[PDB]
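Chains as they are written, first to last, in our numbering: chain A, 371 to 697; chain B, -17 to 44; chain C, 1114 to 1461; chain D, 24 to 386; chain E, -3 to 86.
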Amino acid sequence: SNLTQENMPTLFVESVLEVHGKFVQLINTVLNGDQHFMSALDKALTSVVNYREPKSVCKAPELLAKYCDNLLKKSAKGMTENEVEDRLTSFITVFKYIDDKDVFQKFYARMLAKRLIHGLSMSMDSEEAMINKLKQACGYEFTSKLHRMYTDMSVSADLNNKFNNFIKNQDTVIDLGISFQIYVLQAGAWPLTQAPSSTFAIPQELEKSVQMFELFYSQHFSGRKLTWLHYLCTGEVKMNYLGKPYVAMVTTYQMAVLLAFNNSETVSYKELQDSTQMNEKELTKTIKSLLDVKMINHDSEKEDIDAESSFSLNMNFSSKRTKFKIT
Amino acid sequence: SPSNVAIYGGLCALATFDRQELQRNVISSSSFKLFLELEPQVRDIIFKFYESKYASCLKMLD
Amino acid sequence: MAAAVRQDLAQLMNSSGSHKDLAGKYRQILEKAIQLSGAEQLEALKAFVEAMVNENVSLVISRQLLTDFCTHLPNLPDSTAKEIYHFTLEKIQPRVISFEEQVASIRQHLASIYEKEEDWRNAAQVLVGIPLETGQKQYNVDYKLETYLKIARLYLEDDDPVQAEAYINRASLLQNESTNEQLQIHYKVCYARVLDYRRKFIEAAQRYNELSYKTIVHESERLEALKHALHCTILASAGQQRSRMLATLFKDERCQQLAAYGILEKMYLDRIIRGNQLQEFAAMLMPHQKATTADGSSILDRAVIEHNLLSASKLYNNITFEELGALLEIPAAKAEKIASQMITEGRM
Amino acid sequence: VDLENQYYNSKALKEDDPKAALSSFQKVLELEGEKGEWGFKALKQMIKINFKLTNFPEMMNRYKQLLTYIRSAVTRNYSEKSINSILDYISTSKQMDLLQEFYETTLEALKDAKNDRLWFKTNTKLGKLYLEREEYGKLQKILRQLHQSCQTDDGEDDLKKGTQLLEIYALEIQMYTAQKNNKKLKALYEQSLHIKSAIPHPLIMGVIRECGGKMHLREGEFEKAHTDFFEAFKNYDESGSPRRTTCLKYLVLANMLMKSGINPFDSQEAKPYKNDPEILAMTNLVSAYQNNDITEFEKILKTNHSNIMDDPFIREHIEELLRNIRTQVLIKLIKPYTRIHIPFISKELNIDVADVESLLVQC
Amino acid sequence: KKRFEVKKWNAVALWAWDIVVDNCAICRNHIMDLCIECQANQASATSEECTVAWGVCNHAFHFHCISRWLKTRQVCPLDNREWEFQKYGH
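Okay, structure coming up:
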């Protein structure tokens, strides 16, 4: 109740370890580790995370999935093998108290699929040790969906090593930027399914490479139509207007907007609706994120988002490193 | 000797048990399978007694 | 004239400045290719397809140009538009995920050509490849309902009830949004006919009987559904489920209006079946209900023999194998195999 | 910086050379990228070339620099993908004369904080190579180090993939089955239960379950053999040929012995693979058992002979399956006929009268 | 204006045959997840990638659930329609 429902993902884990840690030693020393008092401590702790004072019962499995996203976040570099390995051991003990295992599985499925497509995977060992702790506690049936998602990413990793060797076999007008980022998805193992998007136009820079991926994937499976997901896939850009050529990994939705600036310095709202080739409901959320940053700046004194307002292009962008993640 | 326990137990149960009791005692039990595998001449007696092959099971007895 | 056409398309390939300026100059080039005739028309129209599949031209300009290009194609004769549809689908094949709206537009006109040339199997395979369920762009409800209705109609005329009733289930999901109650009745009637094609007259007699007691079914369709259930009960084999279905139709007063009251009365009272009773009932049966079943040329030739053996188990004391076959016009080798199968199944 | 390592690596990949391109990927390592994935991908391309030609002293020199950056310099996501890729590629081109020296030097550079998969996977391949060299001194030394922990696959509850005590026993099962020695297969199955109680669910777990189904099928327990063959077909499906086709014949054989085999395929691991003529031979065998017909069961053995007659395991049970079909047909024919003739059932079954008198006694 | 260049870029590889999976119709798991008869046996059934058994009505469920339903009634009396096997295997 000291934090009500605004609990932090790094503070909720330490709050449980401090309460349980001060009681796991008072019983094993004074009471000589009696089995009667040990069962009462685990039974009473299960009702704390399930029946609390604030009216926020669904926030317990959400904070548990958010804690794994911070340890697996890849901003630019990485982490050591001592603090991450020691924090994963104390995480399986807190999960034994929360009885809402069905809500945690739905939150972890959509979070793991987003960290792989966006490229936010920092340590591969954090994903292997996570599915192993859930199998030893819950069982092999509950961790069956998580094991299929990890094995599917390992198959695409082995395919990237074979496609990388093809560059040394007659290839000189292909090497330019980043290499393959194949993320094989399924219909039952993965939460994302083959659903119609919003008939995107696809920028002219992304016309190649992806075209060769459809013909390469058609050789392994006899007839397999693939659909792209522009909501989780991100690209990259190179700005040569500052003192250092910075690279910012932007979303593929912003690439179609920046491609329209090659004809004129400014692009109105009526011309941006035809270049993106989509509805106005999706362009509103896209132009909103570009206005808060230093990518698209307004003119005059104070210009809001309107149907007749223009949108200029700003060369100065807030950067500091190369290939920085925005999610 | 270990080559005589299969004959001592194989010939005693062949006279007191029928064909259905042999498939559940000297066949279903995995402990007696190791003793019958050493001497193949004793394992063929149980198989010939279950397939109603009394003609070939008698010639191998003498 | 085809030499100057390809030179004008390559100049505007990398040129980009406006949306209406690029689409305005490209429309004048495609207009001149339509007015051409002879061998110069085929070479000019094929150059426009290769100019749109490149990565230099924007997808917005290529989509707007391909939309109006598919409108003037049906105006051309079938001897010229046929070679264009087969050549355009091969160029956009590697980029089928980008121009999904243009692929279905070409396949919609290609299937109409095979329909006019009396080809039901060829026109049905064209609409199948259209990404209706595994596509990135969803069309309207009227566009999907018309496409699914043409596939089931072409497969039905080609003598294929399996492929015709397979694609009709996809259109049933969008039929709930409309208020057409007549289309929902035919959705379950057509499925009941496929179940009867597998020689399952016992199970089909219960589906047609339960559908006649509903309220959404029209009065003209409830009487026709009871006639199919009465015919399936006679064509079914003699057993325990046949006696329960014959007594249910006799208690209903709706069976008196049909002309098949004499067949139901002679089958419920365990009466005799002569050679003139099976011929009158076979004339009122559907053409898809008479198959080559050993003797005769109808399915009723087997149900009559099985029905006479069940009635003889409680009336005839003991008859020889030579006398039992002469009363049914069947050899002695057939009267023994049929009677032996009824005792094992527990029906005689 | 990360800008100089991008333009230099892009121009070096254009028309690579087996000797000239090695100098372009070496000067980029002295700049030390700040990402630092630009310097990690440059050394990965040099390993894929040194293992095909050149020699072995130059390959070990470039392999030590790859194992250095793995902590905070390079992300562990891109680093773990390179370790599992090179270890699976050098075991095919290089022979055993140069593969044993590459495993001893690797353990000296993996003594950091994370000592789970980096120590178990590197020590697993060492135990499999000692059996071919007939070395008893080095085999006992590596076994005492793994016995200090609780489990041989996981130190606590972290990374898996790395079992040596069960991999040695599993390699002897695949060899002893070809010699038909049931006295040794029974002793190896009891020793696999202690390791099974301390391992998760990798690939070796599905190998020890195959020997359990073969032992129970010989004693007469057809229900216990089906539970072990079905649990092993899921693990063998991930690997594939040739350890997947041979395991499918043992799964369908135990299903037809329970009276009867109405389920030819209970999983999708073998439904779309029936297009091959070798796998289709097992599909037609189950179809002849459901309808209960001895005329169609013998036709499969005559048509498919180079897949079912070459295995001595299924050949010893082909006689019992043919006798169980004759019993089901005799029941459906003896009910109507009260006093049926003896030659009557022999003509309908299209069999000689020599086996009819012997089958009527057992029935 | 800005520099745009890519070497070998790609998105995802999705696939869904026939219609989209709608959490089956007898439970809440996916078409390839452990339903009821798949997680309660853990011996004679599957445990990782479950099987997909299609039908004539273009609606797939589970092989362990459709086998026990057709044992006592081959037809479907819930709506008086055709029920048969079609297209084995995803």
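Using N, Cα and C, we set each Cβ at its ideal position, and we do this for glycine too.
- Within its own chain, the residues whose Cβ lies closer than 7 Å to the Cβ of D/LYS161, once the five positions on either side in sequence are excluded, are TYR153, listed in chain order.
- Look at the stretch 1346 to 1393 of chain C and you find these whole runs of alpha helix (DSSP H), each 4 residues long or longer: 1353 to 1364, 1374 to 1381.
- Within the stretch 643 to 670 of chain A, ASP644, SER645, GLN647 place their CB atoms closer than 7 Å to a CB of chain C, listed in sequence order.
- Between the alpha carbons of D/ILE363 and D/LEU303 lies a gap of roughly 39 Å.
- Not one beta carbon of chain D lies nearer than 8 Å to the beta carbon of E/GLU80.
- Uninterrupted alpha helix (DSSP H) stretches at least 4 residues long and entirely within the stretch 1229 to 1254 of chain C occur at 1233 to 1241, given in chain order.
- For the options C/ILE1315, C/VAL1330, C/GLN1276, C/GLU1290, the alpha carbon positioned closest to that of C/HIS1299 is the one of C/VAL1330.
- The continuous stretches of beta strand (DSSP E) do not include D/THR361, and DSSP gives it neither H nor E.
- Closest option to E/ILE27, judged by alpha-carbon separation, among A/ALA571, A/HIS488, A/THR563: A/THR563.
- Membership of D/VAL51 in any alpha helix (DSSP H) is not indicated, and neither H nor E is assigned to it by DSSP.
- In this structure, the straight-line span from the alpha carbon of C/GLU1337 to that of E/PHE81 is close to 29 Å.
- The shortest CA-to-CA distance from D/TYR199 to any of D/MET238, D/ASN298, D/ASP333, D/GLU292 is the one to D/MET238.
- Using a 10 angstroms sphere on the CB of A/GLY547, the tally of other CB atoms reaches 16 or more, which defines it as buried.
- Within a 10 Å sphere around the beta-carbon of C/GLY1137 sit fewer than 16 other beta-carbons, which makes this residue exposed.
- Excluding sequence positions up to five before and after D/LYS50, its CB lies less than 6 Å from no other CB in the same chain.
- In the pairwise beta carbon analysis, the stretch -16 to -6 of chain B is classified as touching the stretch 17 to 35 of chain B: at least three pairs are separated by under 8 Å.
- Inter-residue distance for D/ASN347 and A/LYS532 is about 51 Å (C-alpha atoms, whole angstroms).
- Apart from sequence neighbours up to five positions away, no residue of its chain approaches D/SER95 with a beta-carbon distance below 6 Å.
- Nearest CB-CB separation between C/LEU1172 and chain A: below the 8 Å threshold.
- Counting the other Cβ atoms within 10 Å of the Cβ of D/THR98 gives 16 or more, which makes it buried.
- Here D/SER105 is near D/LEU89, since their CB atoms are less than 8 Å apart.
- Annotation: A/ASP456 to A/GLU432 spans about 22 Å, alpha carbon to alpha carbon.
- Residues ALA446, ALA618, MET619 of the same chain have their beta carbon placed closer than 7 Å to that of A/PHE694, with the five preceding and five following residues left out of the count.
- With respect to the 8 Å criterion, A/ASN610 and E/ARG24 are not classified as neighbours on the basis of their beta carbons.
- Around the beta carbon of D/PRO41, a 10 Å sphere encloses fewer than 16 other beta carbons of the protein chains shown; the residue is thus reported as exposed.
- About 5 Å separates the beta carbons of E/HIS58 and E/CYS31, which is inside the 8 Å limit, making them a contact pair.
- A residue is called buried when at least 16 other Cβ atoms come within 10 angstroms of its Cβ; E/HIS60 meets this threshold and is buried.
- Taking C-beta separations shorter than 7 Å and ignoring five residues to either side along the sequence, the partners of D/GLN68 in its chain run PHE48, following chain order.
- Against chain D, the beta carbon of B/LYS15 has neighbours under 7 Å at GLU242, listed in chain order.
- If you ignore the 5 residues before and after E/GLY85, its C-beta comes within less than 7 Å of the C-beta of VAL48, all in its own chain and listed in chain order.
- Residue burial is scored here from C-beta neighbours: A/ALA430 has at least 16 other C-beta atoms within 10 angstroms and is therefore classed as buried.
- Restricted to the stretch 252 to 299 of chain D, not a single beta strand (DSSP E) segment is unbroken, complete and at least 3 residues in length.
- Beta-bridge analysis with DSSP links A/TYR616 to A/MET609.
- Judged by DSSP in its simplified three-state form, A/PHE681 adopts strand.
- Three or more pairs of CB atoms, one per stretch, sit closer than 8 Å, so the stretch 219 to 236 of chain D contacts the stretch 493 to 510 of chain A.
- The shortest CA-to-CA distance from D/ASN84 to any of D/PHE125, D/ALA44, D/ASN107, D/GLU53 is the one to D/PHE125.
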